[PDB]
Structures are given as structure tokens and as C-alpha cells.
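The structure appears below as C-alpha cells.
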Amino acid sequence: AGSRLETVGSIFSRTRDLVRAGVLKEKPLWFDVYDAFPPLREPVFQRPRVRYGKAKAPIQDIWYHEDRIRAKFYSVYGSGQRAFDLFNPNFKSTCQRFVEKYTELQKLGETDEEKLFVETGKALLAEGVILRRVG
Amino acid sequence: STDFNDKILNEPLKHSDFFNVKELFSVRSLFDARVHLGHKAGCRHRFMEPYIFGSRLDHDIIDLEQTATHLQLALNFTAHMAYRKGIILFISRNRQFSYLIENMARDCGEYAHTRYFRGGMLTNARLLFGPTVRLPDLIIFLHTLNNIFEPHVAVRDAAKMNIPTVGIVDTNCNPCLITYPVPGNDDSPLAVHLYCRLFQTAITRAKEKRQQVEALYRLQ
Amino acid sequence: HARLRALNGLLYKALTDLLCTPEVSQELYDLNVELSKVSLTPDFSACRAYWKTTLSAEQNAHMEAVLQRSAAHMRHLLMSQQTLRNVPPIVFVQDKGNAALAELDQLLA
Amino acid sequence: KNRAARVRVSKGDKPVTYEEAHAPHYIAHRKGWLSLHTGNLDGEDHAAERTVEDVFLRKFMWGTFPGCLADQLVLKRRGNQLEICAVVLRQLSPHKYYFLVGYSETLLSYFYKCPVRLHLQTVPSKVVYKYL
Amino acid sequence: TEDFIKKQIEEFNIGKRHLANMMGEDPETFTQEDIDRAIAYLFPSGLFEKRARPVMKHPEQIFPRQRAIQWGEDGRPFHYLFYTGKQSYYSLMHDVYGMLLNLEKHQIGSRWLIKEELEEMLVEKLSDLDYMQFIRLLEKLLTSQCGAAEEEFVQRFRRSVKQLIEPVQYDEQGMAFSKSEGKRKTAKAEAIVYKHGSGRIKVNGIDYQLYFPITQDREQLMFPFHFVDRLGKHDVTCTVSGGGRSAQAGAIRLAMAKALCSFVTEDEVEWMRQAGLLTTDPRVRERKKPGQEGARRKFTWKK
RNA sequence: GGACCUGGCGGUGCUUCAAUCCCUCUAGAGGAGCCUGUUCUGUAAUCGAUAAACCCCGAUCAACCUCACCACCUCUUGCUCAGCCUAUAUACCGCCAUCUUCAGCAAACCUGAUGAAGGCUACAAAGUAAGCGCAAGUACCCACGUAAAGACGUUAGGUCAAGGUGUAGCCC
RNA sequence: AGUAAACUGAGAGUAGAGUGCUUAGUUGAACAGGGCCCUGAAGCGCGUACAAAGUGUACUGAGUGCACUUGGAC
Ligand SMILES: [Mg+2]
């Protein structure tokens, strides 16, 4: 007997309204659970609309200050050979090591960007990193 | 019987998490399972914007905080239905995971329908099955998109019949009609296995707690 | 009908000119198709271009496939050239009448 | 199209019994004979008289039990006896049933010069074999 | 329902005891076959269809399983794949998939059962494409180095696809021989072929050449013995009756071939059977049909 | 007047086709006689059937009868609680023909933002469909073939002269 | 395909009456591969219609000339 108008209100709304009307003889099994623990959003039907004007998708891109260092390192040395073991969550690559050394070098007090980059390369070379150059 | 029904059914509703589902997963575990990897930004569906954390190189990232909250709610609701002995039906048309979903359903006792969905299996359930057939009290859409990247007809049919639907909605899904959406990744085998394990554990815990409480009531 | 006969002659000449070049396609041109005749349906609903078949069966099949694939492009080329203001759909039909003469002469030899 | 001894399809609201639902060609395969005697057997005689007796008895019973017979009447001719078996509705009073049974028995027996028995089986309603 | 079926079971047991008492047979040892015989006798029916006749069986065999409701008293379906609508079919598909996974991890005699056979096996209504899917999965299971543990399961879906040597009897004088029979059209022939003989072939007490004044019939008689190269090595007595001359010749030929089987080696018998000597002819005259002159001759089409 | 939806039509071509459209195999009809049916003439003097789907057909069959026709004569409550072979098959029942040498007919249910309307994709995407029919089953000699079956509709198809019957009319 | 063809019996009905009908049996083959004008059945589809077109302009007597539009097809 439940109303089959899925485009009008939610399942909870329709069931509650029909019960209040008395058309529904008794509340269905899940009604009490839904009432006790409603979802964050009422499952009301809603037709998607395509943005037309200057309105934009509010999804912001993801970046970090270290993305600059990563991009420059990739440009100067490429991907090298330390292939990404994406399964290890604690995995750190050569680019990650360069980023860390760049960050600590900046924290030292040195502020020039190009000097930070070159000195980071030299410091990792001293550490033993094979910073093979792409070109 | 009134005392029985009260003390059994209504007691769990008192506590926010009677089945202690929150311990079944952690944001770290979801991240390891890759629940947070969505489709490309171009494939994004407008209504998933609130759940999308952001875009990384034109790849959507699902906000695992929102996913954790939604999964808490969905697992809690599923456990409550299992405890109330409702019929839970797992639906998904991903042939890659059809076998896993069927086995998980068999193991947890609840039912599954992963094959082709004949028209009206819910709307015309009485004629397709019989007048006395009992319809599912809860549905779980492990995949809400049919093989043609369209919302599974079961979603709309469940909305029509007023059967609550938990559903793993991807960044290109349409969560408008899913009662309990769980924004996440539906394509990673690790993510799907995590979902299946979580639901199986929730159902098993709900049923065992139901049996334990029934025995406690009856012994006294 | 004299009008139909004139249309057939003009279409035969136009189609031969078309096939003389890679205009339709290099693949079609390389096949060196020869047209036996052109016949227009009495109602002007279709134009059958009878093309001579070769002995090789695979070659015949490939030529037929290419001709079927290029018929629409040839129709468009004609209607663009204005050789005929309106051209019905073009259908390519295999022609095998000369096989009887060939094999006769073979036996009679 | 064969119009012979068939119930044409309708909207599905037309209930029909076993006999009415089975067509002639099925005879001797799915449905037996409503009259069982030895007249038509090879080398026997009096087929015409057996047929006349069958027709007369059927009309007699149909007119005697208006709106009471819920199925066709099965005739058996053992030796010289006659047995008329009927399915009747439980709509007419038992006293009337018994009186009609005795009267028909005696009258047919005197008419045809042979013992006759009528056996009624009662049903709440005509036995529906399908709906057409 | 299940309670209804149990009641029918009790009623059938009581009826079985009634029948055993009526026939005087020990109810304890009273079997289904005995019940069958007794019911057949006690309710003589002349219907051609084995189904239209009466029956008194166990409710299991009697009733259609009607898929057994599928949901218990509570209303929870028994089969986890129940909501598919083809629960048994999809269960079988899942099982075959599991077996294929297991085999993948580890690593002119028959055919497949027809779709109707499979439908009866699964007590389910399938489609052509469903049958194709199942059969293709089964074929993959074959090709996947199916061992005994798997071939045993597969043979559950497989379907498998010689002339009888009559005894060599002996006469009063101890001479061996073999007797056989065969029918063609309306003719019947009984042929006795002796292990050893000078090629004499007496038909109806008459010499073969005299009885069959047609060299074609003589050739028919000669065909089997010529085929096995045993002409003049057997003496034959053939009694034929009924039908025309050609039918009689065919019947005698068939009978002689069958009788000679007993005396020729098994390979020779197989060769004869392949040739057609030993295969009974199914070609018989087709009855005239009403409204047409012949079995197929439609009357001259008027206009 | 505007925008749409469906059905109909071609004297519409290409490609598939069909004891099977034409050729291809055999046997025949038409040419002669006779048997026989029909139409026109004739007859005082027979009804119906009428392209496939009439034409040794209703008829498993006419010297009287049959017989319903013609001529003549005769009877009047009439074998019948009369009768009528007299009209009406373009009222029907009853029985059939044709496609059908088909396989579809289908009730009852369940998208177009609830318009006319629509409902297909198997690595499946809203269809399920009871029931009827084909099928299946059965007879004959198989598991074959032939029989049998052959639904809804088509031709106001036929049959009031099998019989029953609505309707029309006669009753010296 | 035991099909056609040929031949011979029997039955229904009558008092009698067929070369008619029904039915039984005997001997018993040939082609079976091509195509679609003709018939019909389909799909590919095309175009008809009921339940190329046009605007402006000018000549001629409906067409043509020039430009324009698709409110047409490829
Ligand atoms: Mg996805």
C-alpha cells in the first residue's frame, strides 16, 4: 500500500505521512530504525542540473608547497629508477627525500629558491643519492 | 509477548552504536583499501560534489571523513535490520565481484542478486514470485551503476517500494535516492573486499547479539 | 523511357570518371573497378551500377565490400558535381554474364 | 476453423469442466466414453437401439433434473442392467432428490424392460477444470 | 505446504497398508512395484497415455515440487540466490565458477545433456542463452585439465551415444547350426544356417533358384554369403511367408545374414552391419490418406 | 494555424527466400471416343454450390419412391395441443472452407517530468506474462514420416433443403 | 521415395445401380542443382499519401535568369 511516488519526498516522509493518515496499517520494519538513526541527508529525489553560467564546480584542486619542489625535481632529474612501491604506506621515494632535504634546508635559514634546490641536490649527492639527471 | 518485543527490539535503539560497528573500520583502514580514489573530474556527477574532498590531477578524492561518518551510519542501520531479522539483499552488477558478493551473502545468510535484473523484480514482485512473498527489508548496493554506467533500476524500484537502500556511491554515481550513501570507491578490489568484510561482520555481529539477547531473556 | 536511358548513360559516364581517380578513395582506386553498365529503377528509387567481376573470389569479396562502403560517398560526389541534381541511392551489383562466353570459348578451343 | 465440440476462448471469465475443455480428437486418449455398452463392438448388434436409448435417457435426465446436474451423465450397460451415474449440485433438497431418483428408476425400468439404477454424487458446485 | 505433504505421506502409507491387506501381501515387504501391479489390476483402464490412467504413488513422486514455496513460515527464502528467480541455475553457475577457480589455481563416446534434460535436472525454466552459458562454462571446465575429482562432477552432465550372436545349436546328428529370423514389408523369414554346407539353399522345401525365378532375388540371397566370402560353405533352410516376391527376398536375406553372424567372426559381423546386411529395413508402405489418391499423391488439383 | 504520434499506400528497387516462384526430373490434362459435373438453348417440369475456397460438389449416389419440380386430381383441426423444402446464411446455433504448406493470439500486471504513445541490447539497458495455439503428447511400424492438431482474425464465404431457431408471410 | 507411375483386390451405400468415393497390397524409379523477369514471404529500406521546396526580382507563356533560405537528401 506504500505510495510508489519515489519523486515525491523520501521513503521516510511518505511512510510517515501515510501512517499518520492511517492508510498504512502499521509502520514497516525499518521505520523505527530510520527515525532513530536518520541519514545525514534526507533521500529526497532531485534531478541533476548542468551548470551553464559563470557558476563553477566548487571542488578545489589539491596542491602543496612541496608540489613545486616535486615538479622541479621531475623536470631536472626525471623519475630515475626508484620505482614507486605504492603498497607501502610509509614508502618514500627519491623525490620525497629531495623534498624533505629541501624543507630542512629552507628551515635552516637559507631562503633563495635556486640556491636551496642546488644545495639540496649536492647534499643528497653527499648522502649518497644517485640524482641521475634526465637532461 | 509485549515485554519480549519491547525489551528486545527497542533496547538497541537506545544506544547510538549497540553493535559497536565503529571499531570495524578506521579512516586509516579505508585509506589503505583505497576507498578514496574516485573517477576523473570529467566523469564526476554533480551530486557527489559535497562528498568529493578535492581533485588531484583531475582525479577526484572522496572525503574520507564524510565516508567514515556515512559508513558508520550505514553499518549501524544494516546491523539494526539484521538484528530485527529483516531480509537484507546485496545487489551489484560488477561481474568482477559477482562471485565475491554471492559468497559473502551466502556466508552471512542474507540474500544476493548480482546477475541481470529482470524488469519489475520488485515492483511486480507479487506476480513474479507469489502473493505471499516477503520483500527485502533492506538493500545494499555494492555498485549503484549498471554495466552501461546508468543508475541500477533496482535503486529506483527500491525507492518506489519504500525499501531502504544502503549504497556505495562512486564519484560518478547519483546518490539522490539512496537512503544511506557511503561515498567511496566501488572499483578497487581492495575497496570492494573491505566493504564486503565490513558488511559481513556487521550482519554476523547483529545476528549473534540478537541470539544472545534472546537467550538472556528466555533463561530468566 | 528515353529519359531513363539518357540518365543511365550520363550516370555510367560520371561513375567511370569518378572511378578513374582516387577521388572517392585510394583503396577503391587501387582496385581498378570496371563498370559494365548503369540501370535506373523505373520509379527513380535506385541506381544499380553493374561492375565486372574478376576470377579471384577473395578479390571479388573485397571489391564488393569497398564498393558498398564507398557508394554513399560516390553519391555525394555526384550530387556535388551537379551531374544530376538528385541521385537516388547507388547499389553496386556484380556482373557475371561474360563467364558463359569465356568458358564456352575455353571448351570450344 | 473447427467449430465442433470445442469451447472458444474468451476473456478468461468462462469456467469450463473436464469434458467441455477436452475436444473430440483427444477422445480415447485423455477422455473416455460417456456410454459404455457392447453394441458397437465387432460382430455385435443393436448399436442403433443402444444409441436411441442413450439419447432418450440423457434427455430424460436433463429434463428431470433442471439446473441440478453438475456434469454429464455416465451410462453403463452391464449384462442387461443400466447404471446412470450423475454429478448433481447440492442445491435441491434431499427428499426431492430421493423421490426423483426412485421415480426415474422405476419409470425407465418399466419403459425399457430392464433394471435401472441412478447413482448421484453431490458437489458444492460444478467442478471447474479451467477458465476460458 | 510441507504439513500438507506430510499428511499426504501418512494417507499414502495408510492406503498402501490397505492395498497390502486387500491383496494379502505382507505390508512390511509390500513394495512400490507391488502397489503398481495391484492398482493396475484393481482399476482396469484402457487409456493409451500412461499419464491419463489412475495412479496411487508417494506424494513425492505424485505432486510437482512447485519450487516448495521457497520461503519458510517466517518468510525468509531458503536459497541465498533466491531473489534472482533462477536460484538453482545460478547456484550451479556459482559452483562451476568456483571449480574453475580451483582448477586455475592448481594448474566419440558421449556428449552434453540437452537443454530440456538440464531444465529437468534443475527443475527450473531456462533460456537458450542460459543453456549456452552453462554448456560453455562446462566446456571450459573440461579444457582446464579437469581431474577425476572434477571429471566425476562433469560426467553428471554427459550423455553417452552390436548384433546379438545367437547360440550355435545342434541337430540330432550333432551337426551344428544357427537359427535366426527377419521381417521385411509384410514378409517373414526363418533361416537355419549350418556351420558346414555345400551352398545348398532350400526355401520352403524348394531349391532357391526354382523358388525365386528372378535373378534379382537370387542376388539378394547371395549378397550376405558373398559379402563374407562364405558361399558354398553353408547349407541353408529358409521358411518364408507373406508379402510379395521382393519382400520375401529381403526377409530371407536379412534372416540369412543374422544366422550367418553366429558363424562369422565379430569383425565380419561388424562389417556386415556397416554394409547394411544386418540392419532391419524401416522402409514400409505408407498408408493412403483420405482425400488424396496415395500416401502423398494429392488428387488432381481442380480449378 | 503551429508542434508531434500511429495506422494505411506504391504501378517502390537491392538482398535473402520458396514438389518449392521459374528452369531443372517423372508422370499426366487439353488433341479422339466414352463416363461424368457445370453453363446456355430447350422443357409445363429440381433447390443449393459458383476465382483460389463451384464444377462424379450436398449425393457412401434419381426407373416409382427418393423429391423438395411440373400437369392433373383430391383433403380440410389435417401423424403432431396442426403444418409450411416458402423469404431472410446480410440474425443465429449446428458444421465447415481460406490463409494454415502460419505462429502467433493473449488476459492480468509493471517508462514518456502520467499526451497521443513506448517497452529492444546476453560481457544484457524494464519488462513479466497466466491461458490458448504451434510445440509437446497420442495412433500407426521407430526416436522417422504420415495422420491427428492447427489459436485470434480474413472474405456480411457457404449452408434456413441435416436439424433447431430469431424474423417475415400462408392457414380452403 | 516405398513417393510418382502401373497393376490388382476389398469396403460404403441400394432391391439394383459409378469409369465416383474409401481402403489394402504388389513392382517401383528420375532430378534435388541453378536463379528471381513472373508469383507470392521477408529484411535493407525508399517514396506515396489519406484515416526538391520557397522568398525577392525580370522576361516569356508554367518555365527560365540572378541572389538568397533549408522551412530537403547525400
Ligand atoms: Mg566507479
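Note on naming: chains are A, B, ... as they come in the C-alpha cells, residues start from 1 per chain, ligands start from 1 in the order shown.
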Could you make a table, as JSON lines, of the residues of chain D that have an atom within 8 Å of an atom of chain F, each with its nearest atom pair and distance in Å to one decimal, counting only C-alpha atoms (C1' of nucleotides), in chain and number order?
{"residue": "D:1", "atom": "CA", "partner": "F:96", "partner_atom": "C1'", "distance": 7.3}
{"residue": "D:2", "atom": "CA", "partner": "F:96", "partner_atom": "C1'", "distance": 7.1}
{"residue": "D:3", "atom": "CA", "partner": "F:95", "partner_atom": "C1'", "distance": 6.8}
{"residue": "D:4", "atom": "CA", "partner": "F:95", "partner_atom": "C1'", "distance": 7.0}
{"residue": "D:9", "atom": "CA", "partner": "F:132", "partner_atom": "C1'", "distance": 6.9}
{"residue": "D:11", "atom": "CA", "partner": "F:107", "partner_atom": "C1'", "distance": 6.1}
{"residue": "D:12", "atom": "CA", "partner": "F:107", "partner_atom": "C1'", "distance": 6.5}
{"residue": "D:25", "atom": "CA", "partner": "F:148", "partner_atom": "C1'", "distance": 7.3}
{"residue": "D:29", "atom": "CA", "partner": "F:138", "partner_atom": "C1'", "distance": 6.7}
{"residue": "D:132", "atom": "CA", "partner": "F:131", "partner_atom": "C1'", "distance": 7.5}
Next item on the list: Would you list the contacts of stretch 136-147 of chain B as an MDAnalysis selection string, taking every protein, DNA or RNA residue within 6 Å and counting only C-alpha atoms (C1' of nucleotides), but skipping same-chain residues closer than 6 positions in sequence?
Entry: chainID B and resid 86:93 163:168
Notebook entry, point to check: Any idea which chain B residues end up within 9 Å of chain E if we count only C-alpha atoms, as an MDAnalysis selection string please?
Noted result: chainID B and resid 86:87 89 99 102:103 105:106 109:118 121 128:130 132:135
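A distance search around ligand 1 (7 Å at most, only C-alpha atoms (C1' of nucleotides) and all ligand atoms) returns the following protein and nucleic acid residues: residues 38, 39, 170, 171, 172, 185, 186 and 187 of chain B.
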Check: Running DSSP on the backbone, which parts of stretch 28-122 of chain D land in helix (DSSP H, G or I), as number ranges by chain?
Finding: D: 47-64, 94-112
Those same residues - C-alpha atoms - I'd like them written as a PDB file, in the first residue's frame.
ATOM      1  CA  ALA D  47     -25.975 -50.285 -31.969  1.00  0.00           C
ATOM      2  CA  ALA D  48     -28.882 -48.168 -33.187  1.00  0.00           C
ATOM      3  CA  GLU D  49     -31.063 -49.167 -30.246  1.00  0.00           C
ATOM      4  CA  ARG D  50     -28.215 -48.524 -27.814  1.00  0.00           C
ATOM      5  CA  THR D  51     -27.789 -45.066 -29.337  1.00  0.00           C
ATOM      6  CA  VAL D  52     -31.518 -44.348 -29.136  1.00  0.00           C
ATOM      7  CA  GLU D  53     -31.612 -45.469 -25.514  1.00  0.00           C
ATOM      8  CA  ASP D  54     -28.620 -43.270 -24.701  1.00  0.00           C
ATOM      9  CA  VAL D  55     -30.165 -40.204 -26.334  1.00  0.00           C
ATOM     10  CA  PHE D  56     -33.537 -40.750 -24.687  1.00  0.00           C
ATOM     11  CA  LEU D  57     -32.008 -41.340 -21.262  1.00  0.00           C
ATOM     12  CA  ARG D  58     -29.805 -38.260 -21.497  1.00  0.00           C
ATOM     13  CA  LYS D  59     -32.708 -36.030 -22.496  1.00  0.00           C
ATOM     14  CA  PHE D  60     -34.912 -37.603 -19.823  1.00  0.00           C
ATOM     15  CA  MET D  61     -32.398 -36.949 -17.057  1.00  0.00           C
ATOM     16  CA  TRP D  62     -31.602 -33.432 -18.264  1.00  0.00           C
ATOM     17  CA  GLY D  63     -35.287 -32.546 -18.180  1.00  0.00           C
ATOM     18  CA  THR D  64     -35.847 -34.318 -14.868  1.00  0.00           C
ATOM     19  CA  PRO D  94     -32.500 -34.466  -0.361  1.00  0.00           C
ATOM     20  CA  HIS D  95     -36.133 -35.585  -0.183  1.00  0.00           C
ATOM     21  CA  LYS D  96     -36.731 -34.316  -3.709  1.00  0.00           C
ATOM     22  CA  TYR D  97     -33.509 -35.993  -4.827  1.00  0.00           C
ATOM     23  CA  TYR D  98     -34.601 -39.365  -3.458  1.00  0.00           C
ATOM     24  CA  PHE D  99     -38.112 -39.118  -4.886  1.00  0.00           C
ATOM     25  CA  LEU D 100     -36.835 -38.186  -8.333  1.00  0.00           C
ATOM     26  CA  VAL D 101     -34.276 -40.991  -8.160  1.00  0.00           C
ATOM     27  CA  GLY D 102     -36.860 -43.621  -7.288  1.00  0.00           C
ATOM     28  CA  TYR D 103     -39.386 -42.351  -9.819  1.00  0.00           C
ATOM     29  CA  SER D 104     -36.892 -42.239 -12.677  1.00  0.00           C
ATOM     30  CA  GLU D 105     -35.541 -45.658 -11.711  1.00  0.00           C
ATOM     31  CA  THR D 106     -38.967 -47.278 -11.783  1.00  0.00           C
ATOM     32  CA  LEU D 107     -40.242 -45.469 -14.870  1.00  0.00           C
ATOM     33  CA  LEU D 108     -37.169 -46.091 -17.017  1.00  0.00           C
ATOM     34  CA  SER D 109     -37.057 -49.707 -15.850  1.00  0.00           C
ATOM     35  CA  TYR D 110     -40.671 -50.306 -16.844  1.00  0.00           C
ATOM     36  CA  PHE D 111     -40.172 -48.408 -20.098  1.00  0.00           C
ATOM     37  CA  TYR D 112     -37.087 -50.233 -21.379  1.00  0.00           C
TER      38      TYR D 112
END
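Residues from chain E that have an atom within 10 Å of chain G, counting only C-alpha atoms (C1' of nucleotides), are residues 185, 186, 243, 244, 245, 246, 247, 283, 284, 285, 286, 287, 288, 289, 290, 291, 294, 295, 296 and 297 of chain E.
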Notebook entry, point to check: Using only C-alpha atoms (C1' of nucleotides), which residues sit within 12 Å of stretch 23-32 of chain C once same-chain residues fewer than 6 positions away are excluded, as a list in words?
Noted result: residues 15, 16, 17, 51, 52, 53, 54, 59, 60, 61, 62, 63, 64, 65, 66, 67, 68, 69, 70, 71, 72, 73, 74, 75, 76, 77 and 78 of chain C
Next item on the list: Please identify every residue of chain F that has at least one atom no more than 12 Å from any atom of chain A, counting only C-alpha atoms (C1' of nucleotides), and report them as an NGL selection string.
Entry: :F and (110 or 113-114)
Checklist line | Neighbours of chain D in chain E at 7 Å, counting only C-alpha atoms, as a ChimeraX atom specification | finding: /E:47-49,52
Can you list, as a JSON list (two decimals) with C-alpha atoms, in the first residue's frame, every protein, DNA or RNA residue that comes within 9 Å of residue E:100 when you count only C-alpha atoms (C1' of nucleotides), leaving out same-chain residues fewer than 2 positions away?
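Resulting contents of around_17.json:
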[["chain", "number", "residue", "atom", "x", "y", "z"],
["E", 95, "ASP", "CA", 29.56, -23.80, -8.24],
["E", 96, "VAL", "CA", 31.06, -24.23, -11.70],
["E", 97, "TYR", "CA", 32.77, -20.86, -11.33],
["E", 98, "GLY", "CA", 34.28, -21.96, -8.03],
["E", 102, "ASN", "CA", 40.15, -24.05, -8.07],
["E", 103, "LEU", "CA", 41.44, -25.72, -11.22],
["E", 104, "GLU", "CA", 43.06, -22.48, -12.36],
["E", 105, "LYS", "CA", 44.84, -22.16, -9.02],
["E", 137, "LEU", "CA", 31.36, -22.97, -18.82],
["E", 140, "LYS", "CA", 35.96, -24.60, -20.26],
["E", 141, "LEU", "CA", 35.93, -26.90, -17.23],
["E", 144, "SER", "CA", 41.03, -26.89, -17.77]]
Margin query: Should the cut-off be 10 Å, what would the residue list for chain A against chain B look like, counting only C-alpha atoms, as a PyMOL selection string?
Written below: chain A and resi 1-7+10-12+14-15+28-51+57-63+87-89
Checklist line | Long-range neighbours of residue C:42 as number ranges by chain, 9 Å cut-off, only C-alpha atoms (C1' of nucleotides), 5 positions minimum in chain | finding: C: 1, 4; F: 13
Next item on the list: For atom CA of residue E:219 and atom CA of residue E:257, quote the distance in Å rounded to one decimal.
Entry: 13.4 Å
Next item on the list: Within stretch 191-300 of chain E, find each residue whose DSSP state, derived from the backbone, is strand (DSSP E), and express the selection as number ranges by chain.
Entry: E: 191-194, 201-203, 206-207, 236-241
Check: What residues in chain G have any atom no more than 8 Å from chain C when counting only C-alpha atoms (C1' of nucleotides), and can you write them as a VMD selection string?
Finding: chain G and resid 46 to 47 74
